[PDB]
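The lines below spell out each chain.
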Amino acid sequence: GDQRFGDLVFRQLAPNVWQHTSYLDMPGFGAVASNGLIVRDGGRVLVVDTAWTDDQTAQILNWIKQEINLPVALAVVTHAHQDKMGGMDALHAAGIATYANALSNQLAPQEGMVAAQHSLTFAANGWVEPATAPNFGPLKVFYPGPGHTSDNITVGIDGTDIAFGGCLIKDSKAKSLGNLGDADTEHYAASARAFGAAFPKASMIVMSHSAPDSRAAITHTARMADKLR
Ligand SMILES: C[C@H](CS)C(=O)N1CCCC[C@@H]1C(=O)O
Ligand SMILES: [Zn+2]
Ligand SMILES: [Zn+2]
């Protein structure tokens, strides 16, 4: 079920995996939900994406302390927009090591974000260069190509059926891809397909702006991105 904790919502997805959800009144769009992940790996916790704000991100850390009560070893954030990186200062205040695509860190100042402390780089095939993601445990980080933004990255969780598409993937009944001012309209469709191909056995697709869905989310996104080229 949806566990309400202050203004945030937490949902367990697997024995060691939870979805965090936070909301921001974005004028003209309503109160917009954004999802990220919390993963327990043995005696430590790994976070995927901040909440929209520092205060909300501190509340994620409070929930972790209450429900898991293990240290947060690292966080990885999936592109330089507010829903994914808006709470970076809260993670830094807590002493948590932070990681993002090198390009997200480069873009962070102009997008209004604080950069992560460490930069990920990626091989030509999209998989993270392993030395840039040390001690990531079950998190498998993949750059699918430019799409929702130039810098968007995705994360699979080893030992589960879960892959996280962030804001690249929309649910199987979404009817648009949202704002495309930062989107790569030429390459969006290929990038969405590359994410599905990188995590071929993931049956639960977690995304930023819809509840978890089947693999039909990936093909519907790619179909709609076909219409931007
Ligand atoms: C702050 C987020 C970063 S993805 C954002 O800008 N959006 C999400 C919610 C709807 C509007 C807009 C979009 O259509 O992409
Ligand atoms: Zn975005
Ligand atoms: Zn988003």
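Deposited coordinates in this entry are attributed by the record to X-ray crystallography, at a stated resolution of 1.20 Å.

**Topic: the coordination of the zinc ion (ligand 3)**
Around the zinc ion (ligand 3), the protein contributes the donor atoms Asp83 (OD), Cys167 (SG) and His209 (NE2), at 1.9 to 2.3 Å from the metal centre. For the zinc ion (ligand 3), the 4 donor atoms in the first shell make angles of 89 to 120° at the metal, so the coordination geometry reads as tetrahedral. Each donor residue of the zinc ion (ligand 3) belongs to the same chain, with the gaps between them written as D-x83-C-x41-H.

**Focus on the site of ligand 1**
Inspection of the region around ligand 1 gives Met26, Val32, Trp52, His81, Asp83, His148, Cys167, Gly178, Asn179 and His209 as its neighbouring residues. Backbone polar atom of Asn179 to an oxygen atom of ligand 1: 2.8 Å apart, as the coordinates give it. Residues that form the shell around ligand 1 fall into these classes: 4 nonpolar, 5 polar and 1 charged.

**Digging into the pattern of salt bridges**
Where charged atoms of side chains with opposite charge meet at close range, the side chains can pair. This structure, assessed with the given rule, holds 6 salt bridges. Residue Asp41 pairs with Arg44 through a salt bridge whose shortest N-O separation is 2.8 Å. What makes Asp41 partly exposed here is its relative accessible area of 25%.

**Examining helix α1 (residues 54–67)**
With 14 residues, α1 ought to run about 20 Å at 1.5 Å a step, and its terminal C-alpha atoms sit 20 Å apart, in line with that. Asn69 sits one or two positions beyond α1 and adopts a positive phi of about 65°.

**What to know about the side chain of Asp151**
Structurally, the position occupied by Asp151 is in the loop between β9 (139–142) and β10 (154–157). Among the polar contacts made by the side chain of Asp151, one reaches the side chain of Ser104 at a distance of 2.6 Å. Discounting residues that sit within four places of it in the chain, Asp151 has contacts with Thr78, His79, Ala80, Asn101, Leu103, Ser104, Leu107 and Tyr143.

**A short note on the nonpolar core**
Membership of the largest hydrophobic core comes to 24 residues, with the highest contact counts inside it found for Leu37, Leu120, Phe136 and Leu139. Going through the elements one at a time, β2 (8–14), β4 (31–41), β5 (44–48), β6 (72–77), β7 (97–101), β9, β10 and β11 (162–166) are the ones with two or more residues in this core. In contact with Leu37, not counting residues within four places along its chain, are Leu13, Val17, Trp18, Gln19, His20, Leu46, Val47, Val48, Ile157, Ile162, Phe164 and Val206. By size, the runner-up hydrophobic cluster in this structure holds 20 residues, among which are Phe195, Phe199, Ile205 and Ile218.

**Points about the UniProt feature "binding site: Zn(2+) 1" in the chain**
Here the UniProt-annotated "binding site: Zn(2+) 1" positions come out as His79, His81 and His148. Annotated residues spanning 70 residues; largest pairwise C-alpha distance 10.5 Å, indicating a single compact cluster. Take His81: it is sitting in the loop between β6 and α2 (82–85). Those residues in contact with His81 that sit more than four places away from it in its chain are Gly86, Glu111, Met113, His148, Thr149 and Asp182. Here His148 lies in the loop between β9 and β10. Accessibility expressed as a relative area gives 11% for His148, which makes it buried.

**Re the sheet that holds strand β3 (residues 17–25)**
Strand order in this open sheet of 8 strands is β1-β2-β3-β4-β5-β6-β7-β8, and the pairing throughout is mixed. The outermost strands of the open sheet, each flanked by one partner alone, are β1 (3–5) and β8 (118–120). Direction aside, neighbouring strands of the sheet carry axes that sit 25° apart on average. Bridge count for β4 against β5 is 5 bridges, and the pairing is antiparallel. Bridge pairing in β5 links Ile38 to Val47. Contacting β1, β2, β3, β4, β5 and β6, α1 crosses the sheet at an angle of about 120° to β1. Docked against the sheet, helix α4 (residues 102–111) engages β7 and β8, running at close to 95° with respect to β7.

Rules used throughout
Residues numbered from 1 in each chain as written, not as in the entry; some residues may be left out. Chains lettered and ligands numbered in written order. Heavy atoms only, no water. Donors = N, O, S within 2.8 Å, 3.2 Å for Na, K, Ca; no water. Tetrahedral: all angles 85-135°; square planar, octahedral: opposite > 155°, others 65-115°. Near = heavy atom within 4 Å. Polar contact = N/O pair within 3.5 Å; in protein donor to acceptor, adjacent residues only side chain to side chain. Nonpolar A, V, L, I, M, F, W, Y, C, P; charged D, E, K, R; others polar. Salt bridge = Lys/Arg side-chain N within 4 Å of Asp/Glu carboxyl O. Buried < 20%, exposed > 50% of the residue type's maximum accessible area, 1.4 Å probe, protein only. Helix = DSSP H or I, 4+ residues; strand = E, 2+ residues; numbered from the N terminus. Expected span 1.5 Å × (residues − 1). Contact = heavy atoms within 4.5 Å. Core = buried A, V, L, I, M, F, W, Y, C linked by side-chain atoms within 4.5 Å. UniProt positions renumbered as here; feature names shortened; annotations may be inferred. Pairing = 2+ DSSP bridges. Axes fitted to C-alpha atoms, helices over the stretch in contact; angles between N-to-C directions.

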